Ligand SMILES: C[C@@H](N)Cc1ccc(O)cc1
């Protein structure tokens, strides 16, 4: 229950290109490297010899593949992916010793989806059915896993910033963190939505209506690199970090990098998250090591958003993060692989419910 040595160090990546896990699809098993994404809900894999791909799902070679005779189209601002739906047998070699029949989108056409020079060929959407495409009737991978096996309904991520990490499927590994886990409620089961109730720069409150910290929504998303903040909050955050570190104007907007010869002028950032108890919150503290990401040239790893707050790899790399789906909560503890990053509580915060934005 608290030890999963087989699953420790099962993630790899390249800086800025996400974290991936080895998976097998079909019979006989086809090995594929798959992007771990808590911000989406489709299991989708390259199914055609796109030039950027080391390998791809060859449906014709699999005796257990079943055609669902249905297309799926996922548009982005940039480009897109498009594919054909089916089911097949799926395993995770460095995961639980089980095999499940899962939905798979065989990607037949894409634009700006596969990265030139990356070592992954698909995406594993770990979020809920509600945001699955084409609709919520397409059961996500993790739902299928839980429905078909005795694997407990939770997973955890230790993202260590080329890069490596651990995805513990069905449990928690206590050697992957120090101190205690602190839990924040999943507000709704679509994205991993949470509520930020207070933001501090260097220990100083931003003094904003907390509703705006979640304007639209706040999510935990392993497929995003940056800490993304709502426009107005980003505005205030930058203005406060700027004043704490008194650099070009375009650097703050992510329009150009800044280079130095091969930290203390930059403040710590505390996010207070809604706790499990009425009027109780806790805080996570991230270092400038987290929001200043090397590409010695660094890209300011905080950016504005029109889709709400996104707690991406920047945040997650400082912490062991538990996606406790059974109890509708997300746990945070100091990573045993990350001034140090901190998770602290309890704090008294009133009117935390008001911080959630409603349609
Ligand atoms: C992480 C996904 N939800 C979004 C995404 C997909 C492909 C890519 O190259 C970059 C980002």
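Swiss-Prot numbering applies to chain A: residues 57-217, 230-314, 318-333, 338-370, 379-421, 427-447, in that order.
The deposited model was determined using X-ray crystallography, 2.3 Å.
Backbone N, Cα and C atoms are what each Cβ position is placed from, and that goes for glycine too.
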Task: 136, 168, 203, 299 - residue that Swiss-Prot labels as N6-acetyllysine - done: 299
Open item on the list: Labelled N6-acetyllysine in Swiss-Prot - which residue from 279, 310, 382 would that be?
Closed with: 279
TODO: Select, from 300, 411, the one residue given the annotation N6-acetyllysine by Swiss-Prot.
DONE: 300
TODO: May I ask for the distance between residue 93 (active site) and residue 330 (disulfide bond), taken between their Cα atoms and rounded to an integer number of Å?
DONE: 30
- [ ] Please list, in sequence order, those recorded positions from 93, 299, 380 with the Cβ less than 6 Å from ligand 1.
- [x] 93
- [ ] Measure from the Cα of residue 275 (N6-acetyllysine) to the Cα of every one of the recorded positions 153, 172, 216, 380, 443, then give the nearest.
- [x] 443
- [ ] Provide the three-state secondary structure of residue 354 (N-linked glycosylation site) computed with DSSP.
- [x] coil
